[PDB]
Amino acid sequence: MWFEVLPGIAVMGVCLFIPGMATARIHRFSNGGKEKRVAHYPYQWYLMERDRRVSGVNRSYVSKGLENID
Amino acid sequence: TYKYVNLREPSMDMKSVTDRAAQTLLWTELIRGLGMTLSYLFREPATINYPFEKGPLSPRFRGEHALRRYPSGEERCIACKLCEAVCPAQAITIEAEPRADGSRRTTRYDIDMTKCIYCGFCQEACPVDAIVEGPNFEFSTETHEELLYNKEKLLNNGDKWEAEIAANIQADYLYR
Amino acid sequence: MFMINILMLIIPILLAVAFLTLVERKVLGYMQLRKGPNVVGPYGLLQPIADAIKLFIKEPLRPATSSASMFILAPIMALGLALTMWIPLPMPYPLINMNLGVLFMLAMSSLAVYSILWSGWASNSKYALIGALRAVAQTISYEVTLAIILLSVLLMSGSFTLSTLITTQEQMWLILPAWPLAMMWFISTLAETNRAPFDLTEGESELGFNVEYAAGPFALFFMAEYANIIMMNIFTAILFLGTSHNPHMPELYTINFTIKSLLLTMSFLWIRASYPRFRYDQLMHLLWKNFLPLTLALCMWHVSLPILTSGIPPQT
Amino acid sequence: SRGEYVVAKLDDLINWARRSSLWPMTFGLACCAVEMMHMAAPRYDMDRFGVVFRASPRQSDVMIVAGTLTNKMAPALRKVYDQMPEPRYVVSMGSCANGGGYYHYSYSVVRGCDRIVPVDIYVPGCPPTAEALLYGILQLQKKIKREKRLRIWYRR
Amino acid sequence: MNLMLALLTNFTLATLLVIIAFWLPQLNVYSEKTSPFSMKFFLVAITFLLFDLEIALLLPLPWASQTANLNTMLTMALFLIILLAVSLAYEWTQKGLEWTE
Amino acid sequence: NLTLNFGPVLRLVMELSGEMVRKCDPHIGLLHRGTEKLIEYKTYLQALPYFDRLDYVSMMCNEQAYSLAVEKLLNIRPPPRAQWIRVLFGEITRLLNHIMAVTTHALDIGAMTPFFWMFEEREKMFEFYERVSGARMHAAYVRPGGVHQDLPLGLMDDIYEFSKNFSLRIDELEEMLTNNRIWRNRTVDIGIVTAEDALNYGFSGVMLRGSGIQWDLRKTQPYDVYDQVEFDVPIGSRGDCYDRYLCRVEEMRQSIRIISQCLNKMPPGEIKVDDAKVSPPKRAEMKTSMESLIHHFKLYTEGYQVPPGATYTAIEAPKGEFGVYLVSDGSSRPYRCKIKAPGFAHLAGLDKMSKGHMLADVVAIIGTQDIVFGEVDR
Amino acid sequence: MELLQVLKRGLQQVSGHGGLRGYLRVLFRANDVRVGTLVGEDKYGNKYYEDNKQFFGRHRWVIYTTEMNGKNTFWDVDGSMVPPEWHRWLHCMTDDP
Ligand SMILES: CCCCCCCCCCCCCCCCCC(=O)OC[C@H](COP(=O)([O-])OCC[N+](C)(C)C)OC(=O)CCCCCCCCCCCCCCCCC
Ligand code: SF4
Ligand code: SF4
Ligand code: SF4
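Top line first, the protein sequences correspond to chains a, I, H, B, A, D and q. Letter 53 of the first sequence, counting from 1, is numbered 53 in PDB author numbering, and no numbers are missing. Letter 175 of the second sequence, counting from 1, is numbered 175 in PDB author numbering, and no numbers are missing. Numbering (PDB author numbering) for the third sequence: 1 to 207, 210 to 318. Counting from 1 along the fourth sequence, just add 23 to a position and that's the residue number in PDB author numbering. Numbering (PDB author numbering) for the fifth sequence: 1 to 35, 50 to 115. Numbering (PDB author numbering) for the sixth sequence: 46 to 53, 61 to 430. Letter 35 of the seventh sequence, counting from 1, is numbered 35 in PDB author numbering, and no numbers are missing.
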């Protein structure tokens with residue numbers, strides 16, 4: 001019957017699902033549980049590089065807040 | 001009597017002209033075609049599960065040739081060569097001689113299954129129902145020689161399929 | 001971790017292409033009142049694997065090519081570019097977040113024409129070269145409308161960033177304000193990928211350029227061709243059927259986005275089973291005399307519409 | 024694991040791949056092509072066994088000689104057999120291809136396509152039913168299943 | 001760097017598949033087998063090139079709408095598209111978009 | 046001009069001035085088998101199967117043409133029930149041909165799906181063939197003097213059930229083709245044939261009626277019981293491939309109309325001429341009567357003698373006028389048997405119909421002529 | 001409603017074949033998991049089923065034996081293994097098994 005086509009579509013659906021899921025999960029793993037920072041314009045990159053210097057460790061995704069101010 | 005297939009005049013009123021303009025720009029008749037293929041997607045396919053299911057046949061089916069016997073085991077063929085004379089492809093070669101007990105029997109009965117056209121004229125011309133076309137249609141070989149049948153092969157086919165050949169003849173001899 | 005991401009994209013793309021062949025043979029089968037592959041594995045699930053193994057252990061013809069350097073370059077270019085058009089796709093997060101991602105996909109798609117033209121030379125047959133030329137004319141002609149249609153849609157988006165199309169469609173699908181462009185974008189994707197009713201290469205009794215290839219190299223062109231069908235239909239969903247993106251549940255986007263791309267991919271099989279084939283001059287007159295006049299007019303209407311409605315999108 | 028065991032398994036894998044993906048090129052010459060088209064029709068649907076409906080001569084794995092082969096046509100049949108990548112099998116469908124058939128004694132007929140090309144399976148009938156042809160194809164799969172190329176290579 | 005890795009990976013994989021596609025079957029040892051310019055096609059390619067050059071001038075339209083000179087910008091945007099339409103109209107009426115000899 | 050020896061059972065030697073076609077030279081004989089010469093060595097009964105294999109999509113129509121020719125020379129008349137079966141299976145066979153003609157024509161130009169739908173209907177008409185004769189295609193059922201066997205009990209019910217649902221099958225074919233613009237672009241104004249040229253070039257069948265010529269041998273020179281059934285003859289107005297396509301679709305509809313009447317008006321009685329010097333006796337009486345056994349023996353060894361004479365007998369076969377010029381010398385074996393295939397004259401006109409069209413149109417023109425090379429080559 | 005009864009028919013196919021193991025056996029041998037009415041078994045082990053709610057052609061089928069004449073036919077089933085007595089019934093040449 002027609003529903004015997006679903007097994008092929010489900011496999012194709014799972015295959016098309018891994019690239020989206022994998023990329024989203026790797027970004028959060030590589031960026032401390034946050035989304036990867038987007039720098040399309042120089043201003044965004046300037047802030048991101050500044051975060052690298054302000055974080056201590058040379059990581060832009062390690063954010064420092066009020067506890068870092070005297 | 002006759003009828004015209006393509007002799008219509010398209011109405012040129014504004015509504016009809018706009019109906020054709022919508023058909024041209026909105027692809028109405030093309031989507032109507034997608035509807036028909038969509039419906040077939042949800043019908044039950046007509047495919048059967050061969051070899052576990054087989055296509056329907058009838059008692060008259062003209063399959064593999066075979067030689068039959070009487071209920072006593074005596075061969076029906078008495079070497080009359082009517083099948084040989086009628087065979088349009090000249091696929092039958094027969095030789096005969098008086099048997100040891102004096103009966104009229106064949107010492108050769110070959111059907112070249114690669115000259116045969118499976119016409120059935122042999123089973124029609126036989127006066128003793130000796131040569132028949134049985135119901136088997138699955139006997140493809142791996143070599144050309146295996147399709148040159150002799151008397152031993154044809155008799156074996158009769159002994160093999162006599163259970164089904166007799167029932168087919170019983171169900172059709174009244175139409176003959 | 002980035003290298004793992006690349007392979008997490010490349011392998012599923014090929015696997016999806018492997019099982020799009022099974023889906024196409026079964027969706028075509030049921031639309032034709034039959035089943036399609038259901039013997040090789042449960043419901044034909046192992047059919048793509050059998051075909052793949054069989055092709056790669058069959059002797060390749062490899063005739064006396066004119067060059068033998070364009071004979072290897074062509075399949076490499078075809079499959080290299082097909083995989084390269086996925087790296088900017090947001091699903092919802094791109095592998096590579098390009099600012100001009102939309103323009104990058106147009107550029108790579110235009111380079112794919114060289115695969116047809118290089119394999120036509122390597123064929124060494126004059127007739128095989130004529131078929132390649134007709135395929136190039138069809139491909140370049142129908143990417144004129146892709147560029148202008150894409151430009152018209154971006155005037156409602158505001159940039160060439162692919163991930164901005166997600167924001168642009170956060171209240172409504174772009175299929176609504178731009179369904180006329182959607183109709184002409186969908187058909188241009190069919191013509192770009194040489195899909196029916198625009199498949200003259202496979203349109204026996206008239207013409210394929212990739213005919214001297216067989217077994218393995220043939221499978222490389224086939225994988226590239228079927229990888230672009232998925233990619234084009236993924237692009238269509240992003241461009242006209244945007245999916246809402248919740249940053250805390252990114253898998254919801256992927257599930258919804260995946261379903262839309264499958265339905266559009268199956269529409270390609272739906273169309274192939276329903277219509278006859280265009281003549282070569284008829285699909286040229288479809289582009290030059292029907293699509294192009296409308297695409298130019300709609301482009302003017304879409305440059306001016308945001309201005310007169312005070313609805314110009316943000317530059318960033 | 025012994026070498027005779029690895030080679031035995033590799034034979035099954037390649038044998039399974041080849042018999043599960045038999046793409047035929049059909050020489051539809053005469054009436055037997057109509058029965059060949061009925062094997063592709065919904066009733067039997069050759070495509071569900073992995074047998075694609077129509078395949079180009081440079082992608083095909085088996086040639087089905089379906090119809091009378093005349094002298095005028097014999098050179099072009101050999102020309103297509105020689106251009107078919109290996110492994111390549113040939114199936115003779117019907118009496119005309121088998122041994123000449125109704126036209127065995129004609130001045131213009133090749134008395135069997137097996138004097139022009141090697142043949143692997145003979146399907147008898149005039150025409151063989153769509154089911155009798157499907158039996159031949161399934162019989163070719165079993166023939167391919169018995170091949171022992173790798174095992175024979177390992178014993179050279 | 002990420003982009004360079006992606007490009008290198010895609011084409012490296014494409015190359016490896018091609019080489020092992022021309023030689024994997026050669027693991028098997030099969031028996032040795034032995035043994050007009052058309053002016054209309056050229057016109058299509060040239061027309062595409064010229065139409066493709068006028069697209070190049072239209073691509074920056076999304077950025078052009080951000081100016082404070084919308085009256086000037088909209089006037090020239092419609093000028094380029096209209097002349098692109100006049101180019102099509104000329105070939106159309108001169109039998110340039112035809113395939114019958 | 047570029048020359049293309051396309052080659053293979062059709063070889064076209066064409067010279068092209070770009071996209072256009074300037075000269076088309078069909079090369080035939082790739083399926084020439086000497087059918088006409090072999091028949092001279094066969095008795096009149098042995099030669100009958102040769103006519104199933106000429107136009108192998110319209111088997112029983114070919115058998116009927118040869119049966120009428122021999123009966124005319126024999127000066128006998130098949131019984132009325134045999135003539136209703138021959139008309140009944142004459143029109144079932146027209147459906148088999150037109151399904152093949154319309155759907156392979158559509159298959160060649162890209163439309164692949166209607167082929168499968170209508171071949172499930174062909175697979176059910178092949179069961180009617182196999183139930184009356186035991187063969188799906190080559191029945192050898194229609195013979196001089198009538199038919200071979202009476203219809204099996206329960207057959208006409210199944211034909212009624214089949215004919216009841218078939219009009220919907222055609223309607224689905226037309227939902228895919230008739231109004232489809234892509235299909236109208238491939239056929240409208242393609243292969244236009246003027247009425248005067250069609251007559252001079254020896255055309256027949258839909259090739260004439262598609263150009264407005266009102267001619268159909270079933271109505272002008274009726275045979276069997278075709279003057280006792282009401283049906284209409286489709287007539288085109290433009291002479292293009294689209295008009296011929298519509299004609300073939302409408303004939304499939306008028307065939308269901310004739311079939312509906314053959315079932316209702318099927319009479320009783322014997323099914324082969326009650327003249328044992330032409331038709332073989334019943335088997336039961338062959339095994340009890342001396343005269344019946346002698347005639348069975350002679351009819352199957354020597355055959356019947358046909359009085360001397362020559363006739364040209366033609367019928368409205370699905371592909372056009374199919375006829376035989378049959379010469380009898382007075383013996384049991386025909387002296388000469390020329391077969392007039394409708395597709396032989398149609399193909400000879402491919403060079404004219406294709407003048408001024410593109411290469412892809414030659415595929416559409418060949419489909420519209422409905423060419424099967426079994427009858428062209430013979 | 002009918003939606004829920006469809007999923008129940010699928011489940012009872014597993015029970016109608018004798019558990020999961022039997023269900024998978026007929027899925028990998030016969031590529032079909034319908035449940036029919038056992039009409040009989042021949043001397044070689046072939047089992048013949050029927051179901052008259054299926055359309056003509058699919059209302060009679062044979063599940064071939066796993067061993068015939070000393071040959072292992074678990075995977076290598078052949079259409080010629082049906083004996084003549086069951087050949088006539090399985091091909092709808094008669095109504096009587
Ligand atoms: C208030 C201001 C509003 C301004 C905007 C106003 C817009 C008003 C509407 C304008 C008309 C709409 C234009 C639509 C495009 C028309 C293209 C055209 O020219 O058609 C004629 C063309 C050809 O027309 P023709 O061949 O019949 O004739 C042309 C003209 N003559 C007669 C002179 C030759 O039709 C086609 O394009 C054929 C399509 C090929 C087959 C494709 C199958 C389609 C299957 C359905 C797919 C559905 C799309 C799904 C999209 C999903 C995407 C997510
Ligand atoms: S079926 Fe016909 S051709 Fe075949 S052996 Fe019998 S009589 Fe001869
Ligand atoms: S098989 Fe029958 S017809 Fe032939 S020789 Fe024997 S008895 Fe005579
Ligand atoms: S074997 Fe029979 S069906 Fe096949 S081509 Fe010859 S005569 Fe025709």
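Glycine residues also receive a C-beta, built at the ideal position from the N, C-alpha and C atoms.
{"Item": "Nearest-angstrom Cα separation, counted from I:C122 out to B:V133", "Value": "26 Å"}
{"Item": "Contacts of B:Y158 in chain q (Cβ-Cβ under 7 Å)", "Value": "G79"}
{"Item": "Distance, q:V33 Cα to D:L411 Cα", "Value": "50 Å"}
{"Item": "Residues that H:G80 contacts on chain A, provided the C-beta gap is smaller than 7 Å", "Value": "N10, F11 and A14"}
{"Item": "Delimiting residues of the beta strand (DSSP E) encompassing B:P47", "Value": "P47 to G51"}
{"Item": "Status (buried if at least 16 other CB within 10 Å, exposed otherwise) for residue 208 of chain H", "Value": "Since the numbering of chain H jumps from 207 to 210, residue 208 of chain H cannot be located in this structure."}
{"Item": "Range covered by the alpha helix (DSSP H) that runs through A:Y104", "Value": "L84 to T107"}
{"Item": "Euclidean distance between Cα positions of a:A24 and H:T256", "Value": "10 Å"}
{"Item": "H:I140 versus D:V184 - alpha carbon distance", "Value": "59 Å"}
{"Item": "Under 9 Å by beta carbon: chain H residues contacting a:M48", "Value": "Within chain H, no residue comes near a:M48; the closest Cβ sits about 13 Å away, beyond 9 Å."}
{"Item": "Within-8 Å CB hit, B:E170 to chain A", "Value": "no"}
{"Item": "Distance CB(residue 437 of chain D)-CB(D:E427) smaller than 8 Å", "Value": "The question about residue 437 of chain D has no answer, for chain D in this structure spans 46 to 430."}
{"Item": "Euclidean distance between Cα positions of I:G120 and D:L351", "Value": "15 Å"}
{"Item": "Boundaries (first-last residue) of the beta strand (DSSP E) holding D:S380", "Value": "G372 to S380"}
{"Item": "D:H150 at chain B interface by Cβ criterion, 8 Å", "Value": "no"}
{"Item": "Below-8 Å beta-carbon distance, B:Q82 vs any chain H residue", "Value": "yes"}
{"Item": "Proximity test, Cβ basis, 8 Å: I:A91 and chain q", "Value": "no"}
{"Item": "Other residues of its chain near H:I175: CB distance less than 8 Å, five sequence neighbours each side excluded", "Value": "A182, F242 and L243"}
{"Item": "Distance cut-off 7 Å: D:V122 Cβ against heavy atoms of ligand 3", "Value": "no"}
{"Item": "Proximity test, Cβ basis, 8 Å: residue 322 of chain H and chain I", "Value": "In the structure as shown, chain H begins at 1 and stops at 318. Residue 322 of chain H is therefore absent and cannot be evaluated."}
{"Item": "For B:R111 and D:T340, the rounded distance between their alpha carbons", "Value": "58 Å"}
{"Item": "Residue of I:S72, I:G73 and I:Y109 minimising C-alpha distance to I:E84", "Value": "I:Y109"}
{"Item": "Proximity winner among I:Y118, I:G63, I:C87 and I:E75, relative to q:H87 (alpha-carbon distances)", "Value": "I:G63"}
{"Item": "Within 8 Å, strictly: CB atoms of H:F211 and H:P75", "Value": "no"}
{"Item": "Selected residue, minimal CA-CA separation from D:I222, among D:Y102, D:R305, D:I418 and D:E322", "Value": "D:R305"}
{"Item": "Distance cut-off 7 Å: B:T91 Cβ against heavy atoms of ligand 4", "Value": "yes"}
{"Item": "For a:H40, the nearest candidate out of H:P37, H:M3, H:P315 and H:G101 (CA to CA)", "Value": "H:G101"}
{"Item": "Span of the alpha helix (DSSP H), counted from its first residue to its last, around D:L68", "Value": "Run containing D:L68: none in the alpha helix (DSSP H); it sits in the beta strand (DSSP E), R63 to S69."}
{"Item": "Nearest candidate by alpha-carbon position, reference H:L81, set A:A82, A:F55, A:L88 and A:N10", "Value": "A:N10"}
{"Item": "4 or more residues per run - each alpha helix (DSSP H) lying fully within the region 70-94 of chain D", "Value": "87-91"}
{"Item": "Short Cβ contact (8 Å threshold) for B:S83 with B:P47", "Value": "yes"}
{"Item": "Coarse secondary structure for H:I57, derived from DSSP in three states", "Value": "coil"}
{"Item": "For q:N46 and q:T65, believed in contact at Cβ under 8 Å, the rounded distance", "Value": "5 Å"}
{"Item": "Three CB pairs or more closer than 8 Å across the region 140-154 of chain D and the region 365-372 of chain D", "Value": "yes"}
{"Item": "Residues bridged to D:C389 (per DSSP)", "Value": "D:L378"}
{"Item": "Distance between beta carbons of H:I130 and A:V18, contact taken as under 8 Å", "Value": "Contact flag wrong, Cβ pair sits at about 26 Å."}
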